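A short worksheet on the structure shown next.
None of the figures in this text is laboratory data; all of them are computed from the coordinates on show. Because the Cβ atoms are built from the backbone with ideal geometry, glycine has one as well, and the counts that use them run over all protein chains shown.
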Amino acid sequence: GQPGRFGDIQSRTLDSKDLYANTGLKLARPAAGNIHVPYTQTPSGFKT
Amino acid sequence: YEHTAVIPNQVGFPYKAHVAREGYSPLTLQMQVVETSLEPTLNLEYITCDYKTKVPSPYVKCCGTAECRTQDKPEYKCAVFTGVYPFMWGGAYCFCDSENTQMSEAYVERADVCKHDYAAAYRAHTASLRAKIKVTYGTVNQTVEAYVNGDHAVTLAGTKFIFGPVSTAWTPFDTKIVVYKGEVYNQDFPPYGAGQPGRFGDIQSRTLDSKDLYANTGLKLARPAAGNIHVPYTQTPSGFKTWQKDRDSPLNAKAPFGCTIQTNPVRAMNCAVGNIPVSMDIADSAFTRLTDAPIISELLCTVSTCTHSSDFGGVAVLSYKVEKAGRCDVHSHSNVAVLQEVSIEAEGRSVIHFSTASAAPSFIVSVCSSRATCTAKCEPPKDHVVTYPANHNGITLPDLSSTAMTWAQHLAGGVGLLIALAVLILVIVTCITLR
Amino acid sequence: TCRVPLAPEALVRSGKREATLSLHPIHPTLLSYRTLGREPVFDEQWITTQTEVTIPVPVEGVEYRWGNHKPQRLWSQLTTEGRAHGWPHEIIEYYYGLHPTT
């Protein structure tokens, strides 16, 4: 499942322990003089 | 020793040339441009900015009529109205009921934000351009900025570079431009004092201090209401702030050759057209005479791999018998394939990279003063889109002896042949019919 | 100074002689594209919902700009479809993918 369209998170029978997820996480540089965690992501595929 | 050459004006591209003096070992220079500005000449003609009106406090005096006076200010209009009977807050104002008269005036001036916000006009002329060139050879990396009109020399360690004037000096501008805050447009603005109301150029001024205006927005004065105190007022709305929402597409999106703009002084950068000539006055302490010049003979070149493609995708080896270690220099003497490295190493076998946009190349290469040839056959790559350009001249022409047109001489010679038995078997009876 | 939202990433896909796009906007954005020849084509238009649009791309180069990003240049590479040696039925059409006028 390429990111964005349907079938972006898979699983077989719905209990647990196995996933598949490729949404393109990358980590960015924090600001000059603050404390936060930056974060970048193509938005979700189910609720689009 | 002096020399001349030409180099292509395109950012990030290798080019190289020689001297071959006499006696001494050869020497190979490479020239590479990193930046190219461009700059026209300007002279201001007027500006424009937003305006604001003033209506200073109308005048009543009752049972006594009027007269207003004229005065010097742009677009002053006074009026006079008879039979007015106001009715102010506390009660009725004054009681000389029939014979009352009232005057009104107003004018137009520039706003308070003109000295941060304006939009000026200009005019263009002939332009000059300047470049920054990285030149390397011998044992030295150097870069140098230079004017391009043919008068400005510059000094490296003993040497003189002066550059040829231009190929041609056209520009991506025409004679009238208008500049507003970081992008330039291309209009045709009204001359002076003829701005009809509503469109651009409704308020003019020369150099932006004060004392002179031009303003024709059609002020008219109207009759006040029945029993109030105000000043009526009618006007076609302003011309500046009806331009900066319904505008155009700017010139940073229809520029011809990738020619990008940014302007506190107006420029046009990395603009990629044409050739620039170069000439050379070379010093003498940057050669090698013969003492550390190695002698190399029986050179033989082969090939193993090629693509077209867009980078250094052709490899070749070299074979030669040595007598002394050192460092020689390499070059390919034709325009169909450019090499990569500027100096091979000494003893043994050594490889060279090259690129060529053709099906079957053949050229002659010479690590030092002995010469050799080596040719190859090639095949296309499996891709369609690259991210980095143009590491070859761009000439895809056939050779004089390929698989492709070895087919050509057989057909043309074959069709050349069968007329040849036809031509003489005509003639051999053409004599005997004059018996 | 002042801060700006920075709309998300646009991922690119290739095809022979033309590159296509795919977009995923949160809230409205802008496109544009030049062509680096002598006469451009310079079409540009606002988008609101997720679609796809195609560009052309010649052998000289084009470049786009999506949102508040510094631009990305994009050329095209010399590719054919046939071989380069063999029977002469094949060699003539090998050039036809390259200079199809002459």
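Which strands (runs of 3 or more DSSP E) does segment B:87-176 wholly contain that include 2 or more residues that are without any contact (Cβ under 8 Å) to a residue 60 or more places away in the chain?
B:100-110, B:140-147
Is there a residue in segment B:57-74 that is among the small types (G, A, S) and exposed (fewer than 12 other Cβ atoms within 10 Å of the Cβ)?
Looking through segment B:57-74, at least one residue is among the small types (G, A, S) and exposed (fewer than 12 other Cβ atoms within 10 Å of the Cβ).
Name the residues in segment C:66-79 that are of a type in the set (K, R) and more than 9 Å from chain B (Cβ to nearest Cβ), would you?
Within segment C:66-79, just C:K70 meets the criteria.
Is there any pair with a first residue in segment B:212-238 that is in contact (Cβ under 8 Å) with a residue 24 or more places away in the chain and within 29 Å of B:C49 (Cα to Cα) and a second that is among the aromatic types (F, W, Y) and surrounded by 11 or more Cβ atoms within 10 Å (Cβ to Cβ) whose Cβ atoms are under 7 Å apart and which are 6 or more apart or on different chains, and what are they?
Final answer for the pair search is B:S238/B:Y51.
Among the candidates B:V336, B:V342, B:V322, B:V386, single out the residue that is under 39 Å from the mean Cα position of the chain (by Cα) and more than 30 Å from C:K16 (Cα to Cα).
One residue alone meets the criteria, B:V342.
What is the one condition in (1) at the interface with chain B (Cβ under 9 Å from one of its Cβ atoms); (2) loosely packed, with under 14 Cβ neighbours inside 10 Å; (3) within 30 Å of A:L25 (Cβ to Cβ) that C:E39 does not satisfy?
Result: C:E39 fails condition (3) only.
As an exercise: evaluate B:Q262 against (1) in a loop (DSSP other than H, G, I, E, B); (2) more than 14 Å from chain C (Cβ to nearest Cβ); (3) under 18 Å from the mean Cα position of the chain (by Cα) and give the number of the one condition it does not meet.
(2)
Of the numbered conditions (1) more than 14 Å from chain C (Cβ to nearest Cβ); (2) in contact (Cβ under 8 Å) with a residue 12 or more places away in the chain; (3) acidic (D, E), A:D15 satisfies every one except a single condition; which is it?
Failed condition: (2).
Can you tell me which of (1) β-branched (V, I, T); (2) free of Cβ contacts under 8 Å to residues at least 24 places away in the same chain; (3) in contact with a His (Cβ under 6 Å, 6 or more places away or on another chain) is the one B:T406 doesn't meet?
It fails just one condition, (3).
Please pick out the residue among B:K382, B:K377 that is part of a loop (DSSP other than H, G, I, E, B), among the basic types (K, R) and in contact with a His (Cβ under 9 Å, 6 or more places away or on another chain).
B:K377
If I go through segment C:1-60 residue by residue, how many of them are within 13 Å of B:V385 (Cβ to Cβ) and among the hydrophobic types (A, V, I, L, M, F, W, C)?
Selection size over segment C:1-60: 6.
Quick check on segment C:82-93: of everything there that is of a type outside the set (A, V, I, L, M, F, W, C) and closer than 11 Å to B:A404 by Cα, which residue is surrounded by the most Cβ atoms within 10 Å (Cβ to Cβ)?
Looking at the filtered set, the residue picked out is C:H85.
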